[PDB]
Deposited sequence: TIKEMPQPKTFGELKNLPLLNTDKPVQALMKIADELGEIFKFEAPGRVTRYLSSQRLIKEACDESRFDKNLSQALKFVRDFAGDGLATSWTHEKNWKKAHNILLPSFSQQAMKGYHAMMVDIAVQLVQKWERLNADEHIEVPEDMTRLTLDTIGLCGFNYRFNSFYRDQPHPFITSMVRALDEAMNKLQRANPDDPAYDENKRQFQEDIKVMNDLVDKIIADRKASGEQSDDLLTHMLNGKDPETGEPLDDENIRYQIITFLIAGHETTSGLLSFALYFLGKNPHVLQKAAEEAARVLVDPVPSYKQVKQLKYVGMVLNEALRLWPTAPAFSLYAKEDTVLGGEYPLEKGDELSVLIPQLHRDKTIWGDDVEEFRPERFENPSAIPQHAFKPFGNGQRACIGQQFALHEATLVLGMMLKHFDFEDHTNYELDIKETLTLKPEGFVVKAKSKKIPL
């Protein structure tokens, strides 16, 4: 009835608890101590962190709660604008872009992207085939090279050529620095930060706008999201996306997809390395199914156990670990916690995924077999892709890409944990295993 609350720091209330490298991990520990719900206060604001499937299923009721922009999303909005991920549900451009882009992201639409995903996957596999005996792989670094290049090519027929470099494409440099500035503002001479922030925004916009105008003037048609956006009309308003919003969407697809998908691949590879029984089943499937020198769309869909490995990695370490909601009207949560219109909730996805009343007593174990029967998972128990109409539009893209790439990696190599790597989870706006490195031993299967 009265909600618990963690330790306070006088006038700063709970705010200094987030003054740390690893705030989500700090909140998970607080949730272990305090339970399914706790209040978090800061000067001028309040939120309530939810961890149980019991309360989170109510929060996922779209008639009672809508998406809120966290402070991080509000800062990212300075360069992602009113793109899909940083727009409010009630802004005209949210519904417009949603209606226009949903058909570009369906399971069916992945057939058109497949060839370009394969282009980048092959580049990754060739890079690793070409290492010398003495060398190792930096896993999150190479996964990020891959996911960025894949979203560039499928998104706007643009090659970042990340496997040709040590210093990224200037675009990527600016984007990563902008994200970093957005994140750093969350807990704050800064005139130089501000000048840099503006320059990085100008870099991102100049590139993207040029491409859009080149494509518009050329009239050429590709198998990309940019083409669908230029041809697309919203049935409701009858309008296409304006050129500016198109550019916010392109920036959005890079920011929203690349880092989360890269983290997923990295965690999956980490967990496979720690669970040889799971690795054996995954690798067997990859060998049996991927019988051609490059994978087909239909073959990726047959990688069922690989998909289960990916879902279990998202269970333990959902790479976009939180989403925020507000109460549409006065309402009572769980029969116990009255909320007023406008009150904020935050869903702690890693804690949801550790609800023992749902998953049983072995919640920290890596066991893909939990996902063997998709029907056995209760509704709202597993939410790595958010909720409802504001769920991840890129879900099918992310999973097709990760399934393809993890399948090819297992097909072509055995991986060795040559450093006895200790998991260290770095937090940006997403989660990834920092410093994860492996050595590969080629199975010598040609492409």
{"item": "Missing C-alpha runs, given along the deposited sequence, first residue counted as 1", "value": "1-2, 191-196"}
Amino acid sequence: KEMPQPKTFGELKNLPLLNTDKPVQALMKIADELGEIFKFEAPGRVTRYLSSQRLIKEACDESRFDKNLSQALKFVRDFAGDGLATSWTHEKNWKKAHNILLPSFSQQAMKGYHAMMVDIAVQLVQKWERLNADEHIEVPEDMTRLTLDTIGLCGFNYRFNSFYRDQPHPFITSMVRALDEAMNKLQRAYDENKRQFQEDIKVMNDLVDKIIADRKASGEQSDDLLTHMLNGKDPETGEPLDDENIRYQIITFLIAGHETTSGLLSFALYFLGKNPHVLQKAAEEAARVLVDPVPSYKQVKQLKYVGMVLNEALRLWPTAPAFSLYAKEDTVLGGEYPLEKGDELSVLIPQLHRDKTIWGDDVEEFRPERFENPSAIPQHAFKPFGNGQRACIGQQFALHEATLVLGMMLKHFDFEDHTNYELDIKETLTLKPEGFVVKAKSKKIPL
From here on, numbers count along this sequence of modelled residues.
{"item": "Segment of higher mean CA temperature factor, 338-346 or 272-280", "value": "338-346"}
{"item": "Between 52-60 and 375-383 (mean CA B-factor, as deposited), the higher", "value": "375-383"}
{"item": "Deposited CA B-factor, highest of 66, 36, 401, 33", "value": "33"}
{"item": "Identity of residue with top Cα B-factor, from 256, 316, 289, 186", "value": "186"}
{"item": "Third of chain Cα B-factors occupied by residue 234", "value": "middle"}
{"item": "Chain-wide C-alpha B factor ranking for residue 84, given as lowest, middle or highest third", "value": "lowest"}
{"item": "Chain-relative CA temperature factor third for residue 170", "value": "highest"}
{"item": "Chain thirds of CA B-factor: placement of residue 406", "value": "lowest"}
{"item": "Within-chain third of residue 161 by Cα B-factor, per the entry", "value": "middle"}
